[PDB]
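**Q**
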Ligand SMILES: Cc1nc(-c2ccc(NCCCCCCN3C[C@H](O)[C@@H](O)[C@H](O)[C@H]3CO)c([N+](=O)[O-])c2)no1
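This is how it looks when you write it as structure tokens:
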């Protein structure tokens, strides 16, 4: 039955618009298969379309905004695009229709409405680009009856092992199609939908823009050769309309030119499903998905006071839809240094220079291929899997669809190598690499990242302890305990492997110094630190001991290990791994003492990282900020702890961390406040604020000395964080990466959905 729910999940999730790196396209969760993508741009001149055409996601002055209004990867959703440069408001509605044996069918409507500023007679070029990867697969455009192109629908018939037989139709659509009276129309037709069918080696089919442009350029060269010139030139839109040449191939370009508003449908019909998909099917399924989206949201994200209002609901739906709408499927080779150069052990003083030397040997090579099904932080700027971000992404997603979240966790854990390492940044395949400077591609097997995916696991466990097919599937792994347990049984050894990997690779040094502590074992240091940075910790430029030193100990990292042990206690217990649970219990107890013995500063009233002095002694290095609160953020302190009460004072202290807009990453009193790139040195970050909010709530709903302080801080922080993110969204249409504690303004990158979307769960409360 676990096998059964697994196959049903597989069938349910196979298809999607799983290409979040582009405005709109689809692909199934199969490395080498059928992919589609949309392009559009106005044409006003002989040279502008190369500059106006849209395909991969960006964010700049020419684009007001874009995102998902509703989305559920089982059903589909609706995306809105507000394009200033091209004077166009676009809608792309996508819907899946279950049936057959190959993951069902799907359809999309693309609608473009000119904005008030656009010329009423704007010409817009629209391209639907289709490619298929695989040795023994086929795809063919059925020729039109007409001479120069298509009066009606374009039909592609294809086949593969993975998809069986299918047809993909691009409907004629609605809107004025311009007609040219030029001589060229004798050979090219007056203006109509055209199809070019081509082949390239599989590995380059992703390069849709260059492939298209190569065809456009060939058409223009033909014009030149055939005496179409500046004495009497055809109109731009005709110059840029491909000669119709449908056929068989692994690439199919479908091109339309419209004047004024337009729309057209894409209908993917899985043959094994029986009756083919129609436009009327599309409209019905679109209306139905919205209704279901509506009903689920009100149940799962029921926003509590003072956010029950409709403005907050709309806000919540946008923040949530953009988060879950970022889910992509990525496939390909990854770039990894597998030298395990000894310099990477960072055992000496000045280790960063040695590590730089090893990197300069450039032993990294491509490996895999790997696949990953994950949500992402940033469609325009970094549309790919980041390991600790994904822990935050799945907290709202798990609420929505626990089985989906478990799928993503599983996908992440399937990357883990024999040692227990998962790369923190997953750049899979040439398409993903295109977005990343080559200097920043290489992954390092000694680089960890916070294990926030365990937080998601923790939530699943509590749910496990305490309808349409889609509704049923979304909770099958909780509603069927035996299913849930089997999932944990299979994941459990990889979690344990990761635990062990942390302790083998990210170990700090007690025994070699004048260091006394309850445990001789429990001490941690993040590998990969530079003079100015600690990227692996996730808090890039939060101030750390200077200089970096093999004797450093990082309190956040030890806290993370505490998170992991507790999770392993719970899961171990569920699986009756008695021997394991006894070991975990001893480790937890040791971390509890050692956090105090190695990291607590009585003088400062908070936790601090530690180094080793010029005189070879243990020194605490305190920089009041997120790092300082870590045992609290990660749920490690008892509710009656005096230490907790001191952290609550720091948290609430306006002159240190407490801004009107949320908690400051670093205190105003810290010498490093607002210095350098000021990334984690003052701004308000939603992910850490979310952990604070949840821990304040835990203390607030339990007997103890800080109940009432916690309740007040919970109330205020929740309000502050929600309102800041809301005001910004209202003003700008965007979720931002971080928020300015003086002004409240969103800054750094937009489209950060992205853990900023946690705000949905903050609003809905009841932790
Ligand atoms: C115009 C215009 N373009 C841009 C622009 C900005 C940035 C980038 N890439 C930066 C990649 C680094 C991701 C780290 C983010 N974040 C940092 C946290 O510190 C981590 O904790 C966390 O894990 C990760 C992930 O969330 C690109 N670009 O490469 O295309 C373009 N801005 O304006």
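Numbering (the deposited numbering), first residue to last: 36 to 501, 513 to 813. Backbone N, C-alpha and C define an ideal beta-carbon position, used for all residues, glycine too.
What residues match up with residue 202 in a beta bridge as DSSP calls it?
**A** 192, 304
**Q** On the three-pair Cβ rule with 8 angstroms, is the segment 343 to 357 touching the segment 439 to 453?
**A** no
**Q** Among all residues, which have a Cβ less than 5 angstroms from at least one non-hydrogen atom of ligand 1, and in what chain order do they fall?
**A** Residues with a Cβ closer than 5 angstroms to any heavy atom of ligand 1, in chain order: 412, 416, 417, 421, 424, 584, 586.
**Q** Taking the beta carbon of residue 308 as the centre, do at least 16 other beta carbons fall within 10 Å, making it buried, or is it exposed?
**A** buried
**Q** Could you tell me the distance, in whole angstroms, from the CA atom of residue 83 to the CA atom of residue 122?
**A** 14 angstroms
**Q** Kindly indicate which three-state DSSP category residue 470 falls into: helix, strand or coil?
**A** In the structure shown, residue 470 falls within a coil segment according to DSSP collapsed to helix, strand and coil.
**Q** Just reading off the alpha helix (DSSP H) that residue 158 is part of, what are its end residues?
**A** Premise fails: residue 158 lies in the beta strand (DSSP E), 158 to 167, not in any alpha helix (DSSP H).
**Q** Rounded to whole angstroms, what's the CA-CA distance from residue 674 to residue 653? Just pull it up for me.
**A** 5 angstroms
**Q** Quick check for students: name the residue ranges of the alpha helix (DSSP H) that lie wholly in the segment 321 to 372, counting only runs of 4 or more.
**A** If we require 4 residues or more, the alpha helix (DSSP H) runs fully inside the segment 321 to 372 come out as 345 to 360.
**Q** Would you list, in sequence order, the uninterrupted beta strand (DSSP E) runs of no fewer than 3 residues that lie entirely inside the segment 734 to 786?
**A** 782 to 785
**Q** What do you get for residue 704, buried or exposed, if any count of 16 or more other CB atoms within 10 angstroms of its CB means buried?
**A** Answer is buried; the Cβ neighbour count reaches 16.
**Q** Assign residue 205 to one of two classes, buried (16 or more other C-beta atoms within 10 Å of its C-beta) or exposed (fewer than that).
**A** buried
**Q** Can at least three beta-carbon pairs, one atom from the segment 358 to 370 and one from the segment 462 to 479, be found at a separation below 8 angstroms?
**A** yes
**Q** What ranges does the alpha helix (DSSP H) occupy inside the segment 249 to 314, keeping only unbroken runs of at least 4 residues that lie completely in it?
**A** 271 to 274
**Q** Where DSSP assigns a beta bridge to residue 140, which residues make up the other side?
**A** Its beta-bridge partners are 132.
**Q** Using DSSP with H/G/I as helix, E/B as strand and the rest coil, what is residue 105?
**A** Three-state result, residue 105: strand.
**Q** Touching or not, the segment 256 to 271 and the segment 121 to 140, by the rule of three or more beta carbon pairs under 8 angstroms?
**A** no
**Q** State the beta-bridge partners of residue 656 as determined by DSSP.
**A** Its beta-bridge partners are 599, 666.
**Q** For residue 295, which residues in the same chain have their Cβ closer than 8 angstroms to its Cβ, ignoring the five residues on either side in sequence?
**A** 149, 155, 156, 157, 210, 211
**Q** Are the beta-carbon atoms of residue 708 and residue 767 separated by less than 7 angstroms?
**A** yes
**Q** Just verifying my parser: in three-state terms, what is the DSSP assignment at residue 524?
**A** helix
**Q** Does the structure place the segment 218 to 228 close enough to the segment 239 to 252 that three or more beta carbon pairs sit under 8 angstroms?
**A** no
**Q** What separation, rounded to the nearest whole angstrom, lies between the Cα atoms of residue 360 and residue 431?
**A** 12 angstroms
**Q** Please name the residue in 760, 714, 216 whose C-alpha comes closest to that of residue 694.
**A** Cα-wise, what sits closest to residue 694 is 760.
**Q** Let's test the definition: count the other Cβ atoms within 10 Å of the Cβ of residue 320 and tell me whether it reaches 16, buried, or not, exposed.
**A** buried
**Q** According to the neighbour-count rule (16 or more other Cβ atoms, all chains shown, within 10 Å of its Cβ), is residue 609 buried or exposed?
**A** buried
**Q** Please report the straight-line C-alpha distance between residue 691 and residue 655, rounded to a whole angstrom.
**A** Each residue's alpha carbon lies about 20 angstroms from the other.
**Q** With distance defined between alpha-carbon atoms, name the residue in 724, 406, 689, 274 nearest to residue 638.
**A** 689
**Q** Quick check on this structure: which residue in 170, 574, 611 has the alpha carbon closest to the alpha carbon of residue 594?
**A** 574
**Q** My understanding is that residue 804 touches residue 725, with C-beta atoms under 8 angstroms, so please give their C-beta distance in whole angstroms.
**A** Going by Cβ atoms, the distance from residue 804 to residue 725 rounds to 19 angstroms, so no, they are not a contact pair.
**Q** Spatial neighbours of residue 302 within its chain, please: C-beta separation below 6 angstroms, excluding the five flanking residues on both sides.
**A** 142, 204, 312
**Q** Answer yes or no: do residue 91 and residue 77 have a C-beta to C-beta separation smaller than 7 angstroms?
**A** no
**Q** I believe residue 409 touches residue 363 by the beta-carbon criterion, under 8 angstroms. Please report the beta-carbon distance rounded to the nearest angstrom.
**A** 7 angstroms
**Q** For residue 477, which of helix, strand or coil comes out of DSSP?
**A** Looking at residue 477 - three-state DSSP - the assignment turns out to be coil, as it is neither helix nor strand.
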